[PDB]
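Quick setup: one chain, the form deposited in one PDB entry, written in structure tokens, and binding and motion questions come after.
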């Protein structure tokens, strides 16, 4: 199962309009072409991707990609693998201010919800539409923050101590004492989501330097009538919103390493998964038993050409990543 990759271009931001920025990003079909505003006559660079989201204009535009449409595409696709029993992972990557959070979390207001809110709703909606009484479900959630290789339990602010990332001798990495709460309804998991988004530390001492990881352990129990054993079907849903690649540093280790892992996997001995908390935890999502997808946010502005071309190249490498996947039953 190769890593699926989507790119999404947002509208101009205040910094760009103030510089009379021109749009150097062009989308057609599954192709994305970027123009070099420095070398206009150089041949433009095109990239092929599984999903191309043109969100530079507005919803009044027939060719605009909305939150809903982005979700209903790669969002339902991954949620369905989850239902199939696969571990799943969707992570947003890109330049600081490119639109990673808008894509993953969006705005809790009218029409603006991102992939995480929409997936949670869909997940509960589907569970509640189950008509087979032999099927029962359990949804547990965890939300954390990674900043300077330090882990914070976003579902438990009261705790001011950063959690320890460990390696279970047989079950893989995991954050110690990370809250894992059970929720029986969309509203509950949404109130937990809002609570977590408020606890997040983006203060002002500027732009996001931390990564957020939203984990849902979705368990499907099937009851067999004749003998009383209950087969469990488990799938972990990891929704990641990283810090912008932006434009001794322990504030950026995870990001730099993430790029190395991505490239070394695309090249495929040995990978620095352990060089950073971010790559250590998501090890299995990167090169392991997981259905993984990347969503690459991109500025449409000429002033961000290097940053955006950089993104497109890492987005391109990810596509080359292949993971051995097996349903968990």
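Numbering follows the first chain given and starts at 1. Think of the rigid core as the biggest set of C-alphas that the two forms share within 1.5 Å after superposition.
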| property | result |
| --- | --- |
| Coordinates lacking for residue 248, a third or more of other entries | yes |
| Residue 182 coordinate gap across at least a third of other entries | no |
| Unmodelled deposited residues flanked by residue 268 on one side and residue 269 on the other | 10 or more |
| Deposited residues lacking coordinates between residue 205 and residue 206 (none, 1 to 3, 4 to 9, 10 or more) | 4 to 9 |
| Selected stretch [higher average CA B-factor]: 192 to 200 or 237 to 245 | 192 to 200 |
| Higher-B stretch (mean Cα B-factor, as the entry records it), 35 to 43 or 280 to 288 | 35 to 43 |
| Residue of maximum C-alpha B factor among 26, 57, 263, 69, per deposited coordinates | 26 |
| 127, 79, 141, 148, ranked by C-alpha B-factor: the highest one | 148 |
| Ranked against its chain, the third holding the CA B-factor of residue 16 | lowest |
| Residue 166 - Cα temperature factor, lowest/middle/highest third of chain | lowest |
| Chain third (lowest, middle, highest) by recorded CA B-factor, residue given as residue 223 | highest |
| Cα B factor band for residue 211 (lowest, middle or highest third within the chain) | lowest |
| Third of the chain's Cα B-factor distribution that residue 315 belongs to, per the entry | lowest |
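What comes next is about the form deposited in another entry, which does not appear here.
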{"property": "Core-superposed comparison between this form and the one not shown: the option from 118, 96, 179, 257 whose CA moves 2 angstroms or more", "result": "257"}
{"property": "Large Cα move at residue 66 between this form and the one not shown, threshold 2 Å, rigid core", "result": "no"}
{"property": "Residue 286: Cα shift of 2 Å or greater between this form and the one not shown (core-aligned)", "result": "yes"}
{"property": "Rigid core superposition, residue 50 Cα moves 2 angstroms or more between this form and the one not shown", "result": "no"}
{"property": "Sense of CA distance change between residue 261 and residue 235 in the other entry, threshold 3 Å", "result": "closer"}
{"property": "Closer or farther in the other entry: C-alpha pair residue 287, residue 307 (3 angstroms or more)", "result": "farther"}
